[PDB]
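Working notes for the structure below.
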RNA sequence: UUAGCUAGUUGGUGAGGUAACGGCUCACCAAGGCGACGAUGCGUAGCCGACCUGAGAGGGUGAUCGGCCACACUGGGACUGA
RNA sequence: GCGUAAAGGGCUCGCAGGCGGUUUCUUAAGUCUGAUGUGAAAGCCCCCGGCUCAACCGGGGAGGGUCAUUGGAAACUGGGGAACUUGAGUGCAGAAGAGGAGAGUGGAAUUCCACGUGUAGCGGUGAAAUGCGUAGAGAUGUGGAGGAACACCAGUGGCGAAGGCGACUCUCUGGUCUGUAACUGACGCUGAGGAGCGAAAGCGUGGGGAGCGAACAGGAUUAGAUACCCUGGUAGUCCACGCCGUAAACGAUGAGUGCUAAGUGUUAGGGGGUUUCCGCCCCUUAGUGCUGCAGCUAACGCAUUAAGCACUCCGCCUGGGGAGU
RNA sequence: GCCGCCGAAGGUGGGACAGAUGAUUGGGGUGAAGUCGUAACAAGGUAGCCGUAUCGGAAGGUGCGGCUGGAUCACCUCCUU
RNA sequence: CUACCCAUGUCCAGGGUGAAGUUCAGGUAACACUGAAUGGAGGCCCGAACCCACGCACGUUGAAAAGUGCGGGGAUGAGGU
RNA sequence: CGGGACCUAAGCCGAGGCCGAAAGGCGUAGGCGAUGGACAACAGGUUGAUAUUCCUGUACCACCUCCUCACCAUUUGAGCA
RNA sequence: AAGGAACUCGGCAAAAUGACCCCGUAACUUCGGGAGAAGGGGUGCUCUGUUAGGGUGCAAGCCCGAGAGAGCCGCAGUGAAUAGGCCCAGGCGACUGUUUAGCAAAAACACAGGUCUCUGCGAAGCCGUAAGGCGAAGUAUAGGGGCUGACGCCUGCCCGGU
RNA sequence: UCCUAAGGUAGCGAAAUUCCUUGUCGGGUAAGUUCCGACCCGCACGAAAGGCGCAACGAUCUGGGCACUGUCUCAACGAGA
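Residue numbers (the entry's author numbering): 2 to 89.
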């Protein structure tokens, strides 16, 4: 992926500022959903090591941004984590 | 080419004990605690002021004098007494 | 210190750890400084005196601490709060590729088979022989089966972390660079362990076996031929599922960042000068090749893709054999 | 005086670790003078080397992939003129 | 009778060992993975009824033309009946 | 109550049928054949001898109507089915 | 008694060990074991004490009871009967099983696994003189035949003979 | 060097394979014609008439120890048939 309905749809459903395309909660949202769909799409044919290395790098980047948002705002980071679902 | 260790062990309460806190020792309760910042285990060794050497940083020894610890044929024990 | 002498981990992802853009208020945790305590004596050093001097003795000093207690400075590292944007990330629009995984399809060529046509050789070599051929071979014509690899484009081209990746089409997917520049506001760099991938040979099972082909068979060359050569030929190569985790895994150069003469190629882009075109030329990135200044060096050589110049971090090196035993 | 608690030495047991010594045997070192080859350094007589697999009295051979640390053409990039 | 088959019934006292599988807690990005509890499969283990027939002794014109007494193996299966 | 006036398993017999000197071998439709499936009764007494049988109280099973009632319908049909 | 395998081809045979609870348990491995490994300690009774705590019950009441402290007595505390003796090191065979009823249970045979081979189904082999039927209401991942016997490492050379 | 088609490779080896033989050496013993370990002279091992190792199991087979005993040194009482 991600589909445009989830790129603009997910950024529209999780926009932190009114015109903020970034806002690292938004980067954790788009990178998180794209990492999930890349997780099933990697699991569909479990031999492709190239796409797997992409899944490891992407999931690691989403983890580093998750720790960054956790260090940037405590309660908002807990609300973004418990709202998103992952990190548990 | 030692990653396990620990069960009075980790901690509580209670009692006893000694000059004195303390699992110091026991009863009862809990399941703790230490570890890559090296636990435990093997090895070696009294440590220090200092001495010798080096331009200095460092490297080596703990003789003789002194300060503390230990031991008194080997291994326990308690009495007298401050 | 590590391109060639010993020394870059095969390569990546990441936790702990180590290090970190600019402005501003506080702090003293480090950093630094003043006061007290204490660092016993003897000893080392400085300054005197006494044994005829000296060794020595004695007196007078000094110095020795991530040391405590305590007072200041806030420049720098850090703690905390506020900030900002090039770093890094998201967005928007472009570009590109043999990056990967799965399915399907297509030819050229070799083998084999069936039948026609035809005869006496085919084959191989340095020269021959083994082998095949009158059971009709080679060649040639037609058709069928099956496997493996895709010629031309194709190139010190492209992509990928590396090993590596090539016929064509589709699904699913990662990544790179360019361009303004909407947002975020340091969210980064490395990273021992740990995790993961890693040619070819192998290893287990089950498939597949057209070519190639260790071991093996025969003939040749030689004094000898357990080799070179030729004729054959098993495993393997192929596939799927698992283990193997080594290579001259090479650029014998770890990653990241900043700077420092130039020229000439070459893809992937962008801005532009006029240009409807086209095309030339400049500026610009990114990637990659050659030629070379400074600088490095033992010499070869490297040289904006450094082995230059500095910073962060990891790994490796301490004569050879013994012995990677 | 008797009895209870713990208590050293000792005994019993199964372990662990370390050192001596052991018929033989494996690799290595050094050396008498030795017997077999000529593998490697020239294109070293088949270019080596690296990893792996098998075979060989042995240096080694051969297969697979990789590298030039490859003598050298001859394509060839694209080098100074 | 016995060897085998086929059809249909029946028997196997009690207690242990603990897997696969699950659930929970931890764990990764999901897996993996790890531990607790749950779990009862198995020609598993012990051992009686039962079946067998390895020891020994006896008996040997025997209680008996194959047994008896002490012991013994199997004892949810390839089982006995 | 066990068994037959119920059914069937391996098997057996088997009209017709098929093969084969003969005798017979096999086998269809059929039928037999429990160790199976279906299935209504029980608690006491009792003798020198029989019992979920005799007997004393309850029951149960199927069939049929000299009888009694209840309810339908008269083939535009109760019911057997 | 005392000595203990000197008897004997041979510890044949007897003697011995044994029940629970607890501690503790090696080499080796296929990671499950081995292993009831080995080697040890406790148990009888009285009281505290209708113990602690459970099952059951409304209470009453029974049952089921660890754990301990005091104390008793004996040579002896699962006092009796029935309940494993172990531990090294070898050869063979993976194993549990099966066989010579009535001498030989074993190192024999079986066995999963491994292979070589045949067979396309009115079948290969079967029993039949044939009919019929097994194989089978099976279909080359299935049947029949042979060889060898888990597992691990392998399975070297000769097609002259037959 | 002669012959065959080829001359047995690995791994084992005085084994259930070995006659000379009790092959030689070492361990175990006081003394070990069996046993364990290796040397290889394999009379007459050897790779699916499998070779070689192999935890678990044997009513197998064979050495060696602990405990324990009438197995005996050497028997002697006592109870039943």
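C-beta: ideal position from N, C-alpha, C; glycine also.
Query                                                                                              : Result
Helix, strand or coil at residue 89 according to DSSP, with G and I counted as helix               : coil
Beta carbon of residue 26 nearer than 9 Å to that of residue 87                                    : no
At least three beta-carbon pairs within less than 8 Å, the stretch 5 to 19 to the stretch 45 to 57 : no
Cutoff 7 Å; reference residue 40; Cβ partners in own chain excluding five residues on either side  : 56
Enclosing alpha helix (DSSP H) for residue 18 [first to last residue]                              : Per DSSP, residue 18 belongs to no alpha helix (DSSP H) and is neither H nor E.
Terminal residues of the alpha helix (DSSP H) in which residue 51 lies                             : 50 to 73
Buried versus exposed, by CB contacts within 10 Å (16 or more), residue 34                         : buried
Between the CA atoms of residue 44 and residue 1 - distance to the nearest angstrom                : The question about residue 1 has no answer here: the residues shown for the chain are numbered 2 through 89.
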